[PDB]
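Before any questions on binding or motion, here is one chain by itself as structure tokens, the form deposited in one PDB entry.
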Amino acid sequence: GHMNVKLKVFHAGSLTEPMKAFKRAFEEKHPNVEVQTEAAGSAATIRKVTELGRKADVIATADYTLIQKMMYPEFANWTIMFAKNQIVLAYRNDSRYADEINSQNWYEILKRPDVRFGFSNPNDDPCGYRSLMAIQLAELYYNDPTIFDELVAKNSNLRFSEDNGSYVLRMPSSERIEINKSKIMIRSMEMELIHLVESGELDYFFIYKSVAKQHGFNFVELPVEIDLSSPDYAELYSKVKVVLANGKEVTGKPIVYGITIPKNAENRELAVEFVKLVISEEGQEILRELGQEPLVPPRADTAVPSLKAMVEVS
């Protein structure tokens, strides 16, 4: 009824567990509000607003740059950066060769004929493009130009090209992506890969460390030089770029999650309160307790007057 406001929050799949907690905390403080959350790969999440005509009060992505590239200036005009993450290679203890995989031999294990691994669709999800970026960055770190070629290029129509030191991968439209089902499985968002690994269909999957911890997966920590986790290695991460099917270019960058309130949000006032919760000490703790490092202090890419005291604007 008129005493039941619905705050619509569309978010990155990897924010599914934190969002359950933000929803419960928010509703405890606003008993007449139902936070309606929906998970999807970040680019698909943004398209709900930018292409499907749906209205969301809050958009949260796993890569803040997608808000900038896909929503400015028609649907948003600021982004707050509030959390970080790290790419790892996760598995079950009964996954093929789980007893022998480690940080030094991970790519050789994935190269074994009977081993199947997964990553999400780069056109829809940052985890997916980040997975390909990490594998290509591995060629530089391990000084082995064939790692991406053997793992991905020979099992799909996805290929990195070199252009004066940097490498670029141009994505086919999603409908034209070709995958060798004998080695790889892909899904629209990384969270969808979880059940494939749990059922035994996949042995390993590239995923965020926070999600691996939340879902009880073991994992190999990849070198900081390739795992996109540290601001201090931004110069190395920038050596790889992926051009999504929608034409937007994403460059390897330290993983930083973004949140915004779309310009056409129906319940802006409540959305401001929700964003405040996410970047408050309470929200930082919710993230930390769920195995995801919050960005402290939160930052904004431009002035955000309604939240000036909560953010650092450079």
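Position 1 is the first residue in the sequence shown; the rest follow in order.
In what follows, reference is made to the form solved in complex with a partner chain, a form of this protein that is not presented.
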In the bound PDB entry, segment of 225-233, 147-155, 80-88, 196-204 with a heavy atom within 4.5 Å of its partner chain | 196-204
Exactly one of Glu269, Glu289, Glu281, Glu51 has a non-hydrogen atom within 4.5 Å of its partner chain in the bound PDB entry; which residue is it?
-> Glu51
Decide if the three candidate residues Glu38, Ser174 and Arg187 all line its partner chain in the bound PDB entry, where lining means a heavy atom within 4.5 Å.
-> yes
With the cut-off set at 4.5 Å between non-hydrogen atoms, does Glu17 touch its partner chain in the bound PDB entry?
-> yes
Should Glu273 be counted as a contact of its partner chain in the bound PDB entry, where contact means heavy atoms within 4.5 Å?
-> no
Wondering, does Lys253 line up within 4.5 Å of its partner chain in the bound PDB entry on heavy atoms?
-> no
Any of the heavy atoms of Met71 lying within 4.5 Å of its partner chain in the bound PDB entry?
-> no
